[PDB]
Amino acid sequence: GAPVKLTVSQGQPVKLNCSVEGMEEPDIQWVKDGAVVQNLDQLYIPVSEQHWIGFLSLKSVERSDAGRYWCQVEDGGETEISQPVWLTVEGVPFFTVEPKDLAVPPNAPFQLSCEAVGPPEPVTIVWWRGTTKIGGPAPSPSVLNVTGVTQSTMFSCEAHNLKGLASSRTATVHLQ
């Protein structure tokens, strides 16, 4: 278990490679997190007799493309296979917890919350109410305690990491 670790920025193409050795006509397949890969360009070429390289192309990486990839061959036996590559996709923060819309009575207290993650880490959050910075910058997860509102009000989180900024959905708190 010595995986290679490949880090790519969101939206960039990437190509992964594996080596398969010790077998004439291996049936090679790319696997991601233990599942046979679908809907990606796969290429398997011979450099010598008994020496093959597998090639997996991704056109424009998103978060869901991150995972552990490797090549497997059926039967295999003494076939030597390259170690897995761990694909990590870096970019601006992603909100795992969005702020929720609420209906509240006037001057009644409430709490909103949001969570955002990288990579890269760490992530900090600021809260906006209308166009006014309230809370933060503070780490994730973030909560916002509000004493009350007297009219419909918008709240959103803005998350920050090395790669830049992401906004949450805008929550609306309306009067019941």
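When you see a residue number, it is the position in the sequence shown, counting from 1.
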- Message: Can you tell me whether 43-51 has a higher mean C-alpha B factor than 103-111 in this record, or the other way round?
- Response: 43-51
- Given the B-factors recorded for C-alpha atoms, which segment has the greater mean, 20-28 or 6-14? 20-28
- Query: Taking the Cα B-factors listed in the entry, which of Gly67, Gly130, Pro119, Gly135 comes out highest?
  - Reply: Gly135
- Task: Determine, from the deposited record, the chain-internal third of the Cα B-factor for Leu175: lowest, middle or highest.
- Result: highest
- C-alpha B factor of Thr88, ranked within the chain: lowest, middle or highest third? lowest
